[PDB]
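Engineer: Before I ask anything, here is the structure I am working with.
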Amino acid sequence: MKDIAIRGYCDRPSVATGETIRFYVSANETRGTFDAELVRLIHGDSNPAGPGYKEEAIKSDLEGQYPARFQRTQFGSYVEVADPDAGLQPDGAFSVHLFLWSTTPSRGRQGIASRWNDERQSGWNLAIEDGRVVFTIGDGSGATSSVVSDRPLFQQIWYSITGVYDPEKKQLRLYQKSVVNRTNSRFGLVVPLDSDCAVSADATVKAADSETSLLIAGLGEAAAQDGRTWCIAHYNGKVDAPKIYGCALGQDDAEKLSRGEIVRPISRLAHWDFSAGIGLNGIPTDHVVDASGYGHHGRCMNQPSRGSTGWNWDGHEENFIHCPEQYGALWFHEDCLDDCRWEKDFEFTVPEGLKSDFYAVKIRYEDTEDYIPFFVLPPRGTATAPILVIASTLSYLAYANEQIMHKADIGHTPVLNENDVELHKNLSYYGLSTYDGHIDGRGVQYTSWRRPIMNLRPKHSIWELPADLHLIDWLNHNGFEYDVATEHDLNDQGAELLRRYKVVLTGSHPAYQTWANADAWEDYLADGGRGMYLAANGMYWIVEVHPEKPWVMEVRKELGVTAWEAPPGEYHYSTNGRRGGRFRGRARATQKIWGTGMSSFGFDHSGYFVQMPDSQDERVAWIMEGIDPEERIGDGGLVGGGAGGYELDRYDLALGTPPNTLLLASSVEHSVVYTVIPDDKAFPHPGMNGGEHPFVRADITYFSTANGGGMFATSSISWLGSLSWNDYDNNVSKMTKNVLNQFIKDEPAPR
Amino acid sequence: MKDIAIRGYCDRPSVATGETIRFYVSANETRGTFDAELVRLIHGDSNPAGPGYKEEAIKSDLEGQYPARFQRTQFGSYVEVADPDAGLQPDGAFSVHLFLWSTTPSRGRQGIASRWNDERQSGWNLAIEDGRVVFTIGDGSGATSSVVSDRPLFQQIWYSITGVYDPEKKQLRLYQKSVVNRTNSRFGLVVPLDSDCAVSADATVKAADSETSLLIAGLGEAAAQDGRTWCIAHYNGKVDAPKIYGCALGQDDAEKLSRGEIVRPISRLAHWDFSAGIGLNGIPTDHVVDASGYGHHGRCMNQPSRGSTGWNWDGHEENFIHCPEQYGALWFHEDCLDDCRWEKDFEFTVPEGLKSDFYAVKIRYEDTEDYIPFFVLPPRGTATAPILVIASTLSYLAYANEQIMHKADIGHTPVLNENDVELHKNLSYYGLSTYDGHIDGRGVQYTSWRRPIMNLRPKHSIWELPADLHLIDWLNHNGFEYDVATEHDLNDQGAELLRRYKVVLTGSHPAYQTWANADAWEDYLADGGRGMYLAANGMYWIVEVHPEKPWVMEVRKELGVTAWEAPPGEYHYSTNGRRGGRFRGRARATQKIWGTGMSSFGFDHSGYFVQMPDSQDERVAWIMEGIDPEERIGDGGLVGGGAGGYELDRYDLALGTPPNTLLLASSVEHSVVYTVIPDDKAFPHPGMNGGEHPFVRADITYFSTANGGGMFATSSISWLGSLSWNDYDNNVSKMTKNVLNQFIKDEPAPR
Amino acid sequence: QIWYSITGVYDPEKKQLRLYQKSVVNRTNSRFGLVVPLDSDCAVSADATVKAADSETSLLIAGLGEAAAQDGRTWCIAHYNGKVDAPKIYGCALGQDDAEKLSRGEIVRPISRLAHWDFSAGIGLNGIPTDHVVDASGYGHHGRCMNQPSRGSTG
Amino acid sequence: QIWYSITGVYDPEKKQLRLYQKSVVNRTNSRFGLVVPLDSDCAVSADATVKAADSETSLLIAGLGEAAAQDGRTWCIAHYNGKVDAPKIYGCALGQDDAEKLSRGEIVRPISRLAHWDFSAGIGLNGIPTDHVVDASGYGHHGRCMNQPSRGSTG
Amino acid sequence: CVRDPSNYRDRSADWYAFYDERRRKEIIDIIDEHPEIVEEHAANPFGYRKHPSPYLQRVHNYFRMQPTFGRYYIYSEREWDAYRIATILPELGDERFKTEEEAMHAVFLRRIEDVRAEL
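Protein chains in written order, with UniProt numbering: chain A, 1 to 410, 416 to 465, 471 to 761; chain B, 1 to 410, 416 to 465, 471 to 761; chain C, 156 to 310; chain D, 156 to 310; chain E, 8 to 95, 101 to 131.
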């Protein structure tokens with residue numbers, strides 16, 4: 001079919017003047033060259049009923065031909081303990097104990113702990129194959145020796161597994177024992193569970209040096225070429241405190257290990273504590289500590305979930321920073337990705353005479369155009385405009401590589422294209438999204454910029475970079491001079507970024523903010539700053555950018571407008587130790603800063619605004635200026651079919667709308683598809699729907715702040731998609747143009 | 001209409017042999033005598049389509065005549081600091097600083113901190129009248145001086161307020177200043193809030209000794225007869241850290257007090273820290289510590305909310321046991337009631353020869369029969385029957401005085422009687438329920454036994475004590491010899507209570523349990539114990555009985571099958587510093603013990619069960635003994651007209667149902683009004699109803715445990731109501747009787 | 156200066172007072188260490204003739220009440236010198252196995268307690284700046300330090 | 156023994172070397188306190204007349220590489236004496252406002268780091284019993300303490 | 008500035024007035040264009056083994072969520088055998109009823125008359 005043959009990404013989302021961005025490109029097979037050139041994105045939405053696709057080409061020092069090639073991607077979570085000297089390949093006896101929690105115990109061959117080679121069958125591994133636990137040694141001749149558990153594992157049940165090799169008796173052994181209590185495992189203590197065993201086997205071969213690294217939750221593929229060990233047989237579920245001894249262990253000693261007790265502490269070789277480094281600021285590191293004192297430190301790879309519930313967890317503390325001794329597990333999925341680790345193809349250092357706007361590098365392969373978007377900032381410490389436009393990159397990372405077709409293998418018949426069929430065909434090159442879930446049933450918490458985000462390209471509810479190019483095209487079609495920042499840069503710079511501008515606009519779906527973004531907006535509006543919020547669902551989810559990996563973003567979700575909920579002890583972030591669920595449950599609701607906040611949502615079509623009795627107040631005779639007081643504000647539009655639809659925010663004084671807020675209009679004609687969000691339901695009952703409940707509405711509001719500041723909010727997604735209707739001649743664009751011409755002037759906003 | 005003229009309560013829910021219960025009775029006016037006698041409750045429901053009301057009279061040392069009198073009820077939260085020596089009535093200058101978070105700031109005259117007499121205008125009070133903080137002193141001659149603030153208070157905004165009396169200038173002063181931040185108040189920092197004043201007035205009187213106690217959140221009514229001070233003008237909302245200084249402050253000094261600084265420490269007369277006492281076990285006491293070092297230790301009355309959010313709460317810690325210096329407030333409603341403090345009219349020691357069952361004292365006044373239900377236990381450490389019946393007392397306290405008619409002032418047009426209009430007519434005598442809310446809008450957390458509970462009475471879904479009398483009448487009609495415990499007693503005794511009995515039968519709606527109750531059930535069913543769960547919605551909420559006051563129950567709710575939701579930083583219980591929302595979110599879901607857990611609720615009628623293919627199984631042919639496999643199980647009942655309805659529990663392995671569980675039947679024919687509970691929802695899409703979603707069903711299950719144990723679950727509230735249909739000739743009583751005759755034998759339950 | 160765990164039992168059924176002393180030294184807490192052959196444990200008993208009447212005073216740690224409390228003040232006479240760690244009162248007689256379990260730092264019969272004063276309740280990250288002693292059992296019998304004993308001592 | 160925040164910038168767009176020295180004394184960290192009128196702050200600049208070529212050595216905190224790394228071992232010659240707290244390399248050219256923000260402990264421009272060694276990452280309740288240095292910028296440029304400097308020193 | 012809570016009011020109540028107006032017109036159109044749902048609810052007001060029509064269910068979902076739903080309780084004394092309709101200390105009605113299905117349907121008719129009386 002129309003097969004995508006070229007991919008790419010940036011290392012960083014936003015680049016100011018005088019600093020360097022890199023581009024990492026991969027084709028399906030290593031042949032040929034590819035063209036590259038820089039464009040300026042103006043309007044991305046290629047609906048023929050609207051303005052059409054627009055781009056401006058820039059004569060840069062970036063273009064030319066570059067050799068296309070293929071770049072392999074590691075895909076799955078593990079912990080790589082690098083060992084060049086084969087110190088974790090003992091010669092005599094050795095024993096491996098770990099606590100295990102398998103979430104898919106029958107999905108193929110799954111390696112738990114290994115220092116293994118799989119081209120030649122050499123080394124040792126402790127793996128899950130055929131539903132059982134198998135402990136194997138090999139020497140490289142193709143000859144192995146395995147010991148297989150009598151009792152297979154259960155799904156999501158804690159087990160304490162010891163694997164013993166003993167050269168004196170020439171014998172492999174294996175001690176499985178299930179360690180459930182009232183709270184940790186899938187079912188509880190009322191089962192008559194007999195899943196303990198103690199088996200043994202004859203050893204014929206020795207464990208040879210595998211010439212790889214030790215891996216948790218995976219097997220080494222071949223010997224490490226150029227110091228990189230690939231990983232193959234990935235694992236799904238928790239591993240708690242693995243350890244290697246340099247001695248054979250009995251059954252009494254494995255029984256003592258099963259109760260959480262470090263036996264023979266001079267006979268250890270390694271003991272990775274997964275809860276070493278938990279402070280009062282979470283565990284913002286990808287570093288795993290050898291707790292024994294032999295220096296065999298590890299490194300988390302592709303971001304497994306730190307701060308997970310461990311084997312000794314009883315529900316008396318549910319914040320991992322206050323009981324780190326019961327939170328020593330990593331979750332280890334098989335479909336994680338924080339970085340594709342490709343090689344750089346070309347880099348670009350931004351010139352001096354380049355206007356701050358939305359840019360992309362258009363890459364032309366044989367029969368495929370590919371765009372790699374990035375945002376160019378103004379120079380550092382300056383402001384080349386009176387208007388700032390916040391690009392909602394944290395919600396670009398939320399929906400990043402969102403897979404609709406892959407949700408059918410775990416309304417209104419969703420329309421797909423050639424980008425989504427590559428997301429389904431190559432999961433391993435792209436990753437998942439926070440609206441998805443892993444194959445274990447847990448939602449994706451971590452998401453990343455350093456991967457090809459296939460639904461971020463400008464062409465083809472839209473993919474939310476075209477939905478911001480709506481606003482960009484409206485600003486360029488009028489005579490407005492604007493800058494561009496991102497939510498990562500607002501996180502970095504605080505309100506100091508915002509105070510350089512007379513008015514800061516908002517992207518079309520700003521749903522995932524950090525806590526410091528909310529502080530920056532609050533401190534900005536509290537002293538003189540103006541702002542527009544031309545969107546809905548605007549401060550719903552709390553998000554933290556990772557401190558060691560700033561391209562990685564963490565969210566953890568709960569009951570609300572969600573796709574998944576966090577499991578029952580794990581509501582706190584790894585990156586900082588704070589709660590961070592949704593903003594409303596922290597008493598920083600969206601109404602408290604921006605006037606309105608999330609009220610209802612649905613998926614079929616849109617409505618239109620009807621003028622409220624505050625429309626005829628003369629204090630807002632500047633907003634409702636060239637608009638007749640009997641018209642429908644926003645009937646017709648590119649997104650859904652109207653201006654008020656698909657998500658809505660409402661006026662609410664009980665959540666923190668300022669008392670002087672005026673209520674200008676509200677949206678009507680919403681179907682029974684739309685529903686009141688679960689945040690508002692005490693008892694659910696029928697009639698909690700659109701048209702049958704008074705919380706299904708958008709609300710256009712204005713309020714003034716101190717020192718000549720103000721805030722205008724329109725409370726719907728499709729407001730920006732309605733701006734170019736009827737060739738820019740409608741009530742939506744006239745209202746938005748009135749408020750933007752008022753906000754950029756050299757006088758206080760009215761009261 | 002009918003006017004209830006006689007009221008009463010016990011001091012405790014349950015009494016064993018040889019120990020004393022005390023009955024506290026109050027009439028309208030002090031005249032005449034009332035009769036009393038002891039009855040045994042058999043069947044409570046007086047539906048003429050059923051068995052009708054049944055009881056048995058008992059000769060005892062109780063019956064006679066007693067002088068009927070009126071007994072006055074103190075109503076509403078406050079803090080009573082006793083002061084005999086008039087140490088907190090200064091002769092010179094004094095000042096009063098406190099923080100303030102008013103929720104109903106325009107509901108009449110509300111006293112905040114006072115040492116005041118309201119009969120003769122003497123003492124000093126800091127109060128709110130006409131929306132404004134008013135500082136008033138008086139001398140007993142009826143003449144008062146008062147200073148009134150310029151700015152009225154905003155609702156739920158934090159204010160620092162300082163009232164100064166200054167005899168050197170003969171001047172009253174008042175320093176009001178608002179202390180909003182991002183997280184503590186109703187609206188944030190973007191408002192241009194101007195609610196600060198420094199007013200002054202002349203002192204024309206002095207301050208005389210009021211001869212009362214110092215009252216936070218209220219005013220003393222009259223002089224302290226018998227050492228008890230009555231409180232009249234009850235304040236609604238938080239008060240954080242009051243203090244009295246023995247000097248006259250300034251404006252700079254009030255500005256320093258506005259920031260949390262304790263100025264002039266040696267000049268304090270009293271300083272109550274409401275957060276001193278918070279440890280890792282919470283704050284399980286009603287003691288208030290004088291942090292100024294003078295022994296003026298207060299006492300919380302009528303249970304205000306310990307562990308509430310203070311004025312300095314930025315939302316970084318949401319557990320009060322871990323940051324207790326930001327949790328120094330106390331909510332103080334006006335319609336709290338934990339204890340009526342009435343005088344004992346008569347007492348009753350249980351004789352040696354008395355069977356353990358449900359009992360009550362029938363009081364016959366002029367035209368009104370009122371009952372006072374209590375529970376007689378077996379002797380301590382023994383057991384007199386092979387069947388134990390658990391009376392669900394904690395979910396009697398949940399629904400205690402549940403005021404349907406009072407909810408309008410905050416389906417199916419609810420039916421009432423004279424017990425409801427007495428609740429509506431005398432709110433001060435009865436109190437509220439955990440489904441109710443306060444007048445502050447926040448739902449009621451603490452509920453109490455020591456008060457007349459009007460829907461505990463056996464006559465007249472039903473009031474949940476007749477719903478247990480359904481089971482008691484079914485047991486008495488057959489030849490089963492049983493004992494009766496309560497959930498308070500299971501809380502006290504542990505699994506040692508349960509292990510004395512072969513089978514243990516759960517009540518009709520056991521929805522509220524403590525954590526140790528579930529531990530005791532799990533340790534009972536794990537090791538040989540047998541049980542029956544004849545109900546739905548069985549282990550939903552977590553409850554903690556108060557340690558000092560074993561008649562008071564705490565619950566704090568959240569999103570789910572709820573009426574109210576806790577405000578953001580106030581999720582952790584005062585009595586034990588532990589999370590305790592729903593059981594399902596603490597990884598101890600109802601499936602993990604009993605086999606089925608909550609799936610859907612509704613409020614119109616009930617449905618019938620349809621047998622699954624596991625009903626034809628040969629292992630459970632003993633359950634389905636007299637039942638033809640083409641029948642409907644329970645089509646017709648005294649509750650909703652069917653055996654499955656009004657709340658439904660389902661089978662779910664992902665929540666912890668044991669794997670050897672056999673699914674016997676399932677309920678059908680549920681209306682569109684049966685919604686799916688908000689726990690099971692990711693995105694609310696239309697169709698979350700009965701007849702359309704696959705989660706609206708009940709599930710009759712059975713699983714066997716170790717040592718000959720087992721658990722039979724029926725997943726419906728109306729199952730006990732369907733027992734007596736067709737004059738005890740139905741499928742419901744045959745199934746219950748088959749499983750109960752199997753469970754009472756000496757052989758193990760079948761596997 | 157040697158740590159001991161002392162239980163005193165009164166039992167009206169057998170009409171008997173008992174007393175369980177046991178020394179609990181380890182490497183660091185006491186005056187001398189674990190190299191001594193210390194035999195200072197005992198378990199004695201005596202016959203009871205009288206009942207314990209109401210003394211009309213307050214409970215005192217490290218002292219005896221002098222006379223009955225006139226105007227709510229209880230004087231103190233036979234003062235004590237040295238540490239007392241976690242005192243507790245039960246409402247039941249205790250055996251020797253149960254006092255042995257108490258000696259290892261273990262709250263036996265937690266529904267049979269009457270009082271348990273935790274001298275390390277309220278230690279935060281700002282020290283313990285209070286003269287308040289908490290009844291840890293949950294019966295509300297809170298105490299009050301008088302004449303400032305050293306909080307934050309080694310137990 | 157005074158604490159200084161120091162930032163050295165190379166800037167090829169202007170062909171300019173810069174250096175931002177600023178003293179960060181407080182009450183407790185330095186040799187003398189806040190009462191001194193300490194003036195030891197500078198923002199100087201000069202012209203870049205060469206480029207930076209690959210030295211073919213290792214990166215050395217507290218020293219200079221002697222010659223090119225024969226056999227993978229780099230010899231260190233000009234040994235520094237005294238504390239170094241949290242070095243970092245940025246892949247861009249900073250300013251004076253940005254060096255002022257770095258002077259306060261803020262990690263400015265996190266996505267532009269090339270390496271950032273936290274010398275305190277690894278401290279647990281067992282101390283820091285290792286000579287590993289963690290690259291806190293997420294690039295695997297993990298150092299290695301040689302000849303045992305004093306871990307757990309005052310920052 | 009914002010300095011007095013009497014100058015400010017919940018402006019959402021403007022939209023509640025507009026919403027209640029359009030919702031009342033919708034409901035009386037549904038009742039006048041479907042007059043068999045009254046007979047339907049008279050036959051079986053609980054829906055016991057015969058679930059309501061979507062239009063009857065829509066009229067229920069309008070009635071069962073208004074702030075005026077707090078009127079019209081059904082009262083029944085313990086030593087009485089009839090049902091009366093309380094009205095908001102309530103005011104008891106005068107018309108006795110044998111069964112409570114009759115009382116619930118009379119409350120349904122009286123609510124339809126009340127929603128007609130406001131238009």
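For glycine and all other residues, C-beta sits at the position ideal for the given N, C-alpha and C.
Secondary structure at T746 of chain B, three-state DSSP: helix, strand or coil?
Structural biologist: Walking along the second sequence from the start, residue 746 of chain B turns up at place 736. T746 of chain B: helix per DSSP, three-state reduction.
Engineer: Have a look at A:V553, A:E506 and A:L544 and flag the residue whose alpha-carbon is nearest the alpha-carbon of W531 of chain A.
Structural biologist: The residue labelled residue 531 of chain A in the question sits at position 521 within the first sequence. Checking every option, the nearest Cα to that of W531 of chain A belongs to A:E506.
Engineer: Leaving out five residues on either side along the sequence, give the residues of the same chain with a beta carbon under 6 Å from the beta carbon of residue 469 of chain A.
Structural biologist: Inspection of chain A shows residue 465 followed directly by residue 471; residue 469 of chain A is thus not represented.
Engineer: Quick one: does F109 of chain E have its CB under 9 Å from some CB of chain B?
Structural biologist: One-based indexing of the fifth sequence puts residue 109 of chain E at position 97. Answer no: the Cβ-Cβ gap between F109 of chain E and chain B never drops below 9 Å.
Engineer: Alpha carbon to alpha carbon, what distance is there between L648 of chain A and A408 of chain A?
Structural biologist: The sequence position of residue 408 of chain A within the first sequence is 408, counting from 1. The sequence position of residue 648 of chain A within the first sequence is 638, counting from 1. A408 of chain A and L648 of chain A: Cα-Cα distance of roughly 28 Å.
Engineer: Would you list, in chain order, the members of the region 169-197 of chain B that have their beta-carbon closer than 7 Å to a beta-carbon of chain A?
Structural biologist: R182, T183, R186, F187, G188, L189, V190, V191 and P192
Engineer: Strictly by DSSP, which residues pair up with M563 of chain A?
Structural biologist: Residue mapping note: residue 563 of chain A aligns to position 553 of the first sequence, counting from 1. Answer by DSSP bridge pairing, in chain order: A:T452 and A:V555.
Engineer: Could you say which of E:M72, E:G77, E:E43 and E:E103 lies nearest to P61 of chain E if we only look at CA atoms?
Structural biologist: Locating residue 61 of chain E in the fifth sequence gives position 54, counting from the first residue. Here the closest residue by C-alpha is E:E43.
Engineer: If you measure from the beta carbon of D614 of chain B to each beta carbon in chain E, is any gap under 9 Å?
Structural biologist: Translated into the one-based positions of the second sequence, residue 614 of chain B becomes position 604. True, the Cβ-Cβ gap to chain E drops below 9 Å.
Engineer: Give me, in chain order, the residues of the same chain whose beta-carbon lies closer than 8 Å to that of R228 of chain A; leave out the 5 immediate sequence neighbours on both sides.
Structural biologist: Working through the first sequence from its first residue, we reach residue 228 of chain A at position 228. There are no such residues.
Engineer: Using DSSP with H/G/I as helix, E/B as strand and the rest coil, what is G595 of chain B?
Structural biologist: Looking up residue 595 of chain B in the second sequence gives position 585. Reduced to three states, the DSSP call for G595 of chain B is helix.
Engineer: Taking the alpha-carbon positions, what's the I92 of chain E to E423 of chain B distance?
Structural biologist: The residue given as residue 92 of chain E occupies position 85 in the fifth sequence. The residue given as residue 423 of chain B occupies position 418 in the second sequence. The alpha-carbon atoms of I92 of chain E and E423 of chain B are separated by roughly 13 Å.
Engineer: Are the beta-carbon atoms of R566 of chain B and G590 of chain B separated by less than 9 Å?
Structural biologist: Counting from one through the second sequence, the residue named residue 566 of chain B turns up at place 556. Counting from one through the second sequence, the residue named residue 590 of chain B turns up at place 580. Going by C-beta atoms, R566 of chain B is nearer than 9 Å to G590 of chain B.
Engineer: Could you tell me which residues DSSP puts in a beta bridge with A217 of chain C?
Structural biologist: Residue numbering aside, residue 217 of chain C sits at position 62 when the third sequence is read from its first letter. None, per the DSSP bridge assignment.
Engineer: Taking a Cβ distance cut-off of 9 Å, strictly less, list which residues of the region 622-635 of chain A are near chain E, in chain order.
Structural biologist: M622, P623 and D624
Engineer: Which bits of chain B does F722 of chain A rub up against, with CB to CB less than 8 Å?
Structural biologist: Along the first sequence, read from residue 1 onward, the residue named residue 722 of chain A stands at position 712. None at all; the shortest Cβ gap to chain B is about 13 Å.
Engineer: With a CB to CB cut of under 8 Å and the five nearest residues on each side skipped, what residues in its chain are close to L388 of chain A?
Structural biologist: Residue mapping note: residue 388 of chain A aligns to position 388 of the first sequence, counting from 1. Excluding sequence neighbours, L388 of chain A sits near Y492, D493, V494, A495, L507, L508, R510, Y511, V513, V514 and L515.
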